[PDB]
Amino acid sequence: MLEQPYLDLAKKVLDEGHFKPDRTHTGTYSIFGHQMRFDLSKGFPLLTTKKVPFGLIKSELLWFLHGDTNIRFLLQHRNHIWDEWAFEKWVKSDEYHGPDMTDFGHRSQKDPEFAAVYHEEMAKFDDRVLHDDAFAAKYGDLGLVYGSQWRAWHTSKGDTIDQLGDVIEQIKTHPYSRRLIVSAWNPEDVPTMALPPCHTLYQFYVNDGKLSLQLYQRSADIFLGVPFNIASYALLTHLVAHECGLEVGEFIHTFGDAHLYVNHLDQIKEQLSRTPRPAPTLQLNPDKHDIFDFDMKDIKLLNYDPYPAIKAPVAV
């Protein structure tokens, strides 16, 4: 079945995943070096073995393409994936004047009442980002996140480079180019930023009139992250294909450190006892073509009949 590579990867780190300790103090089972191939012509690879929220993926991806670095847009679409970082920033800001909030991720998970103070303080912040233009510009701006990295790579000579916009014109004019690469890995910022990008670099390849994309992902959360990671780059693949009047080949996913947090073994095992279903079918708006000006309504998912979602603790 289409998602089988995913189930086969989860399966394997259960068999050969040696125990690896890590940054987030929650143990992991790890493997290094892996590759998955998805034929995007068989269907859209949104896992059917567990409900995964397309909405979060769609808004987030668009956010990237727009060249956005501001949380505001996401909240504006009920997307709270990136909040934690914009919050962490304001909480350190001297202007912040409230409860201790230190290590809030760890502390909330281990304290029912602290998690209460946290969520109230957060809702506050998110509203302030949404309403205070100045506040937004100050704390709603992540800065060095994919959208900037893809669409505005700052040079040494001050100027900015729209990698992704140049790679698409390079594909329109030189499909057969072996240098259709886009990178999110800047040696200059990498040691200072909080979360160096997970999806280090991706590459395009056009042959037979079909476009495929390879993604290099240095680190990976098998249960909570890969399911999304997949549909984010498989969606990008159609989006570029649509823009370039091209077909759709494969989404090839290469991993560096693929891992399974110890606190997710029972969850992965249950999902593993599930039996896949036919894949959902992606439908992009025919008329509209320049993908950067796309909005939620232009990408339509069909026939997604998932299994019930599976809840699990995060690693922090």
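In this text, residue numbers run from 1 along the sequence as written.
A summary of the deposited B-factors shows that, of 78 to 86 and 172 to 180, the stretch with the larger mean C-alpha value is 78 to 86. The stretch with the higher mean CA B factor, choosing between 205 to 213 and 147 to 155, is 205 to 213. Per the PDB entry, 120 shows the highest C-alpha temperature factor of the residues 120, 126, 141, 166. Annotation for 30, 26, 48, 59: 26 ranks highest, by Cα B-factor. Residue 71: CA B factor in the lowest third of modelled residues in this chain (values from the PDB entry). In this PDB entry, the Cα temperature factor of residue 250 sits in the bottom third of its chain's modelled residues, the lowest group. Among all modelled residues in its chain, residue 283 ranks in the highest third by Cα B-factor. Residue 37 sits in the lowest third of its chain by CA B factor, as recorded in the PDB entry. Per the deposited record, the Cα B-factor of residue 290 falls in the highest third when ranked against the other modelled residues of its chain.
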